[PDB]
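Everything below concerns the one structure shown next.
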RNA sequence: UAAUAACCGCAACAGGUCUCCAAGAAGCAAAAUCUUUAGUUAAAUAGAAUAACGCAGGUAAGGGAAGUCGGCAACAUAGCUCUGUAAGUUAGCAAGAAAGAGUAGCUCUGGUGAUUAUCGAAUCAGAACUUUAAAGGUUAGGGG
RNA sequence: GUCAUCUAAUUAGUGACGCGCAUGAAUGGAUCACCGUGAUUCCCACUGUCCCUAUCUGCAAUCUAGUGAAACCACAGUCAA
RNA sequence: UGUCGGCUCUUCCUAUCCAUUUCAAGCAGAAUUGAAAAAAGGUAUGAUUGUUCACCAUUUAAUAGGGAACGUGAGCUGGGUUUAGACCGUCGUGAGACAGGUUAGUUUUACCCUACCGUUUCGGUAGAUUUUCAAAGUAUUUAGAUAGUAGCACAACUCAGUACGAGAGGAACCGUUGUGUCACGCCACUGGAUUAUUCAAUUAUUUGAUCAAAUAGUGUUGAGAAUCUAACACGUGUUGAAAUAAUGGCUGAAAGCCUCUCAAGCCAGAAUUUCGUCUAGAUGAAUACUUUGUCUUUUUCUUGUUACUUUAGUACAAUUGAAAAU
RNA sequence: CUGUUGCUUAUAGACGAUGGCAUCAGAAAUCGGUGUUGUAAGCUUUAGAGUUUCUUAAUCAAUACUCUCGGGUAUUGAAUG
RNA sequence: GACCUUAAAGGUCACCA
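Protein chains in written order, with the numbering used here: chain D, 1 to 133; chain E, 134 to 521; chain R, 522 to 578; chain F, 579 to 592.
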């Protein structure tokens with residue numbers, strides 16, 4: 001469901017990295033299991049940056065979301081990444097929103113800023129984002 | 134048995150053995166293939182790396198998602214004062230490769246060129262080219278020169294001009310020149326020698342050799358590092374912390390029964406002073422004539438290419454220079470052998486027009502804030518000194 | 522751009538932007554300014570800041 | 579089965 | 001002499017061998033750290049350069065055991081005061097459970113006596129102001 | 001072993017079932033409060049264990065002046081078949 | 001002859017999992033299935049187990065199978081197995097046994113030869129005599145027998161909801177733009193280390209106090225230039241010609257017809273080969289200067305080389321050796 | 001010619017090697033540029049919460065104002081003269 | 001698999017590495 005390409009965004013989120021859920025779906029935190037499109041290497045852990053659709057499990061939330069495997073998109077990250085126009089930028093916390101394969105967000109609202117890279121990749125996230133940074 | 138999991142080998146077998154070069158200058162292994170349907174022209178030059186800075190360039194490629202306000206890219210500065218052509222040599226194609234037939238030199242030769250032929254100049258008698266210069270206008274010696282010109286026109290295929298730098302125009306402490314042979318690509322050998330003869334004793338500026346937005350190949354010697362271990366030289370995996378006798382080494386150096394260590398294993402040794410050729414490097418600014426400054430069509434303030442406080446470990450650039458996109462092999466003050474591309478790049482990015490919007494000239498030490506010292510004083514204002 | 526703590530003019534292609542969860546984003550000129558900002562230090566009480574020099578004289 | 583080890587000391591009384 | 005050179009270990013061996021006397025700071029403390037009286041500056045050689053690989057001591061962006069047989073190693077908690085403290089239980093404990101807050105400097109205020117107005121003790125509590133917001137130099141529990 | 005639970009995933013742990021190769025009552029049976037430089041599993045916190053390596057210091061190693069051993073040694077020391 | 005597995009690393013096989021090129025299908029499209037050329041390049045992350053093996057959860061273009069003393073312990077580890085302590089079950093009268101289970105159990109030496117990786121020193125290639133020449137010494141500019149070899153893969157836009165198909169569904173070639181990895185580099189911007197014990201602050205002790213320090217083997221904390229460096233920053237490897245393999249064909253006999261040829265002769269066709277390009281490199285060549293012009297041997301000076309010095313000997317211009325192709 | 005030697009020499013480096021200069025050589029200060037930290041020491045702002053001695057004089061006082069965009073450091077592997 | 005016993009069925013052994 002993603003539209004277009006994404007430039008180089010350094011991936012600061014690993015396997016077993018706990019992020020927050022900015023949705024209103026009753027899931028609090030997710031831990032990344034593996035990253036869609038990740039090209040494997042020996043002893044390398046899967047890596048995710050902004051706008052990267054990951055496969056994550058919810059270890060904290062309401063019972064219909066806990067102890068299950070969902071699909072999310074990283075909207076912000078604490079790792080410092082550089083834009084193509086010489087802008088160096090980083091957020092306050094790692095957050096994600098639950099989307100399906102077709103790319104529509106399960107929730108209805110997003111809390112906090114949403115990075116441009118994830119907003120342009122997924123048109124559904126940008127519509128429900130408060131601000132795009 | 135088979136290795137449990139597969140992974141690419143560490144290090145390239147194309148650069149084996151890793152032997153450090155002996156001379157700072159790097160000789161180009163080849164020149165662009167000659168075409169006989171064009172005017173004679175030089176196919177190379179030589180400059181000294183001054184440093185690096187960054188620029189903001191306006192994107193001219195269409196059908197791209199790059200920002201419309203510019204893209205931040207690095208640029209390497211190569212100061213290239215004019216060369217002096219002090220001779221030429223003709224090469225003949227035999228059944229064992231090119232063979233230099235004769236070399237014809239000019240009447241007047243600079244002491245920078247003469248210093249190459251000694252090893253202790255301060256003790257030498259400095260009688261280089263003395264007999265050649267003194268008897269240059271003799272009737273016998275002149276006749277010999279005409280034969281050399283006619284021999285090349287008859288039994289030669291490749292003509293190169295022996296050009297040497299003028300080290301008095303650069304902040305380097307070295308006084309001995311740097312000599313480079315620049316092949317002449319163009320018309321027939323008849324008009325190639327005529328072009329070479331015209332260039333004798335003259336000066337060739339880099340603007341005549343290279344154009345604008347032209348991708349070139351650069352050959353230079355990298356930055357030395359000395360004896361280095363396996364981790365740095367090749368990039369093997371560091372061993373677990375529990376390991377006896379050390380962590381930064383290759384655990385297994387071969388199986389039992391090839392009975393010998395293979396050349397393909399990663400062994401500790403010398404990393405550093407190697408010769409490397411990098412192709413398809415774009416010229417961003419041809420710093421000759423009017424473009425010798427650092428101003429742009431958008432930023433109109435007048436400033437030179439040298440950052441405040443001079444280039445680190447180099448000095449001040451006041452001659453012609455080239456702005457090359459990205460990185461080239463070698464530290465500051467290194468000698469770089471430029472060359473026209475052997476395989477001309479035909480990609481859309483190669484033919485893209487370069488329009489600079491801002492060239493950074495802040496100090497390359499610390500976290501600088503100002504572009505010129507005049508605007509540093511204006512912002513800061515008068516201080517305790519100067520006002521007292 | 523102007524630094525959030527020091528108030529200096531940020532040179533192009535220099536500095537880091539920081540975004541908080543309250544939709545407010547700041548840009549700084551170096552790690553010296555950014556560290557002071559995260560320690561809740563008032564630029565008015567820091568002698569070298571451009572904020573301080575405007576307040577006094 | 580096959581074991582493995584060793585050590586000793588003394589080295590006469592020179 | 002009575003021991004990092006006089007004793008026992010092949011020796012001027014980082015091992016071992018019973019006792020007496022015992023200053024200041026700081027602190028609950030014969031603790032760590034620094035100093036006075038006394039002792040010594042030599043105790044199996046040094047100088048230059050500052051490669052790899054080491055032994056000893058360290059730090060590190062983002063992630064946080066995904067490494068591994070296994071949180072091995074290291075990180076982390078750490079003093080004192082006040083609030084608070086569960087299941088279980090041999091009813092004694094668990095318990096410093098767990099968890100939270102305070103702590104600096106300076107200028108002051110008050111309580112605790114002796115002797116019959118003068119003299120004296122470190123201890124506790126409280127209040128304004130200031131700053132780089134305070135056990136942490138050293139010493140100093142990870143918890144369930 | 002079968003059923004639950006712990007995990008995204010459990011030859012591990014825990015709670016149950018029991019025709020138990022070959023449990024069982026001073027060869028002591030069942031039970032655990034406090035205790036343990038005992039064996040095992042799971043959480044929180046923390047981190048170079050790891051992604052993936054970078055870098056700093058002292059002492060060596062390197063070179064030199066003086067001094068100066070030992071293990072080992074049929075003869076020796078380039079490969080393929 | 002140190003006996004399992006794992007970790008690290010290199011190479012080799014093809015009975016090939018992916019990528020490339022083809023043929024066949026009960027191949028309409030998509031997804032597939034069988035086979036040929038081809039081994040140059042890739043082939044992952046975790047829960048449980050010491051495990052090899054296995055079974056699950058993911059991801060990927062694919063997560064193929066194997067060898068090298070069942071590769072690899074003076075490479076690591078010591079989980080298992082496999083001494084000596086201890087416990088249980090069964091067996092034995094007993095000492096004790098158990099491919100029955102559990103727990104704790106020292107992993108020594110390279111300074112030798114070679115191999116490999118780097119790095120020095122000395123030696124050096126035979127047949128030209130147009131003095132505008134020939135040779136030796138020193139130095140630069142070049143040269144290139146040989147050896148290695150490097151770039152791969154994926155995604156998005158358009159093609160296009162088009163071809164095909166009743167519908168459901170549903171492509172590809174050119175072109176454009178990015179990402180990941182590998183290799184080579186590099187210090188501008190971003191980040192990290194920091195004994196410039198830089199600047200500042202501050203706890204304890206000592207200088208009578210202030211200043212200024214010292215001590216706590218770098219007291220500690222904040223910022224911190226330089227240098228080094230990123231899996232954390234960023235550049236290049238989008239690159240050109242010819243011949244090919246499997247296969248598809250052209251002309252065309254054998255064999256009056258047919259036939260791509262177990263015939264002669266050609267064309268198209270691969271992540272293929274060779275040029276071209278990159279790295280190391282042998283005998284070499286040109287030029288500058290110093291010489292010598294029939295020649296060396298043995299001594300001898302120099303750090304070393306050439307020229308050079310002395311005593312003798314030797315030769316002295318003049319008929320050699322070319323068709324090519326079939 | 002070449003090597004040693006010197007620049008406690010660098011674009012180099014374990015040692016050799018490699019690269020540059022060697023009297024228009026070299027080295028060193030100082031000065032300017034350029035960076036880093038954060039406003040030196042001495043005296044002055046009822047500064048200043050309050051205290052004491054006076055009897056509106058002083059004294060003590062964390063911290064704080066002006067001189068002060070100050071002071072200090074800056075090649076050691078930075079750039080000029 | 002080997003030994004034994006019953007009217008196919010059982011029972012004991014199957015060890016050191």
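Ideal Cβ positions, reconstructed from N, Cα and C, are used throughout, including at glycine.
DSSP three-state label for residue 296 of chain E, please.
By 1-based counting over the second chain, the position of residue 296 of chain E is 163. DSSP places residue 296 of chain E in strand when its eight states are reduced to three.
Do you know how far the Cα of residue 424 of chain E is from the Cα of residue 449 of chain E?
Working through the second chain from its first residue, we reach residue 449 of chain E at position 316. Working through the second chain from its first residue, we reach residue 424 of chain E at position 291. Distance between the alpha carbons of residue 449 of chain E and residue 424 of chain E is about 17 Å.
Mind checking residue 526 of chain R: buried by the 16 CB within 10 Å criterion, or exposed?
What you label residue 526 of chain R is simply residue 5 of the third chain in a count that begins at 1. Classification of residue 526 of chain R: buried, given that the 10 Å Cβ count is 16 or more.
Under 8 Å between the Cβ atoms of residue 326 of chain E and residue 285 of chain E?
Position 193 of the second chain holds residue 326 of chain E. Position 152 of the second chain holds residue 285 of chain E. For the pair residue 326 of chain E and residue 285 of chain E, the CB atoms are nearer than the 8 Å cut-off.
Counting only runs that start and end within the region 78–131 of chain D, where is the alpha helix (DSSP H) found for 4 or more residues in a row?
Within the region 78–131 of chain D, the complete alpha helix (DSSP H) runs of at least 4 residues are 116–121, 123–128.
What does the alpha-carbon distance come out to for the pair residue 355 of chain E and residue 211 of chain E?
As a first step, residue 355 of chain E must be located in the second chain, where it is residue number 222. As a first step, residue 211 of chain E must be located in the second chain, where it is residue number 78. Spanning the two alpha carbons is a distance of roughly 15 Å.
Please state the DSSP three-state secondary structure of residue 564 of chain R.
The residue given as residue 564 of chain R occupies position 43 in the third chain. If DSSP states are grouped into helix, strand and coil, residue 564 of chain R belongs with the helices.
Does any residue of chain E bring its CB to less than 8 Å from the CB of residue 523 of chain R?
Taking the first residue of the third chain as 1, we reach residue 523 of chain R at position 2. Judged by the 8 Å Cβ criterion, residue 523 of chain R is not in contact with chain E.
Are the beta-carbon atoms belonging to residue 178 of chain E and residue 339 of chain E less than 8 Å from one another?
Position 45 of the second chain holds residue 178 of chain E. Position 206 of the second chain holds residue 339 of chain E. Closer than 8 Å, so yes.
Just to confirm the assignment, what range does the beta strand (DSSP E) spanning residue 34 of chain D have?
One-based indexing of the first chain puts residue 34 of chain D at position 34. Taken as a continuous stretch (DSSP letters only), the beta strand (DSSP E) holding residue 34 of chain D covers 27–35.
Which residues of chain D have a Cβ atom closer than 9 Å to the Cβ of residue 473 of chain E, listed in chain order?
Taking the first residue of the second chain as 1, we reach residue 473 of chain E at position 340. Correct list: empty, because the minimum Cβ distance to chain D is about 30 Å.
Is any heavy atom in the ligand HEM found nearer than 7 Å to the beta carbon of residue 416 of chain E?
No copy of the ligand HEM occurs in the structure displayed, which carries no ligand at all.
Are the beta-carbon atoms of residue 107 of chain D and residue 20 of chain D separated by less than 8 Å?
Position 107 of the first chain, counted from the start, is the residue given in the question as residue 107 of chain D. Position 20 of the first chain, counted from the start, is the residue given in the question as residue 20 of chain D. For residue 107 of chain D and residue 20 of chain D, no; Cβs fall outside 8 Å.
Can you tell which of E:428, E:446, E:176 has its C-alpha closest to the C-alpha of residue 291 of chain E?
Working through the second chain from its first residue, we reach residue 291 of chain E at position 158. Comparing Cα positions, the closest option is E:176.
Count the other C-beta atoms from every protein chain shown that fall within 10 angstroms of the C-beta of residue 455 of chain E, then say buried if there are 16 or more, exposed otherwise.
Numbered from 1 along the second chain, position 322 holds the residue referred to as residue 455 of chain E. Residue environment for residue 455 of chain E: buried (at least 16 other C-beta atoms within 10 angstroms of its C-beta).
Which residues share a DSSP beta bridge with residue 498 of chain E?
For the purposes of this step, residue 498 of chain E is identified with residue 365 of the second chain, where counting begins at 1. In the DSSP assignment, no residue is bridged to residue 498 of chain E.
I'd like to know whether the C-beta atoms of residue 129 of chain D and residue 96 of chain D end up nearer to each other than 8 Å.
Against the first chain, residue 129 of chain D aligns to sequence position 129. Against the first chain, residue 96 of chain D aligns to sequence position 96. In this structure, residue 129 of chain D lies away from residue 96 of chain D, with their beta-carbon atoms at least 8 Å apart.
Please report how far the alpha carbon of residue 274 of chain E lies from the alpha carbon of residue 221 of chain E, in whole angstroms.
Within the second chain, the letter at position 141 stands for residue 274 of chain E. Within the second chain, the letter at position 88 stands for residue 221 of chain E. Taking the straight line from one Cα to the other gives about 17 Å.
Please determine, among E:493, E:428, E:311, E:429, the residue with the shortest C-alpha to C-alpha distance to residue 467 of chain E.
By one-based count along the second chain, residue 467 of chain E stands at place 334. If we check each option's Cα against that of residue 467 of chain E, E:311 comes out closest.
Taking C-alpha atoms, which residue in E:151, E:309, E:445, E:457 lies nearest to residue 420 of chain E?
Mapped onto the second chain, residue 420 of chain E falls at position 287. With distances taken between Cα atoms, residue 420 of chain E lies closest to E:457.
Please list the segments of the beta strand (DSSP E) lying wholly inside the region 381–465 of chain E, counting only runs of 3 or more residues, in order along the chain.
402–404, 408–420, 454–458
In angstroms, rounded to a whole number, what distance separates the CA positions of residue 388 of chain E and residue 399 of chain E?
To locate residue 388 of chain E, count along the second chain from 1; it is residue 255. To locate residue 399 of chain E, count along the second chain from 1; it is residue 266. About 14 Å.
How about residue 465 of chain E and residue 182 of chain E: are their beta carbons less than 8 Å apart?
Reading the second chain from its first residue, position 332 is the one you call residue 465 of chain E. Reading the second chain from its first residue, position 49 is the one you call residue 182 of chain E. Yes; because the gap between Cβ atoms is below 8 Å, this pair is in contact.
Report the three-state DSSP secondary structure of residue 15 of chain D (helix, strand or coil).
For the purposes of this step, residue 15 of chain D is taken as the residue at position 15 of the first chain. Correct three-state label for residue 15 of chain D: coil.
Shorter than 8 Å from the beta carbon of residue 541 of chain R to some beta carbon of chain D?
As a working mapping, residue 541 of chain R is identified with position 20 in the third chain. Residue-level contact by beta carbon holds for residue 541 of chain R and chain D, with a gap shorter than 8 Å.
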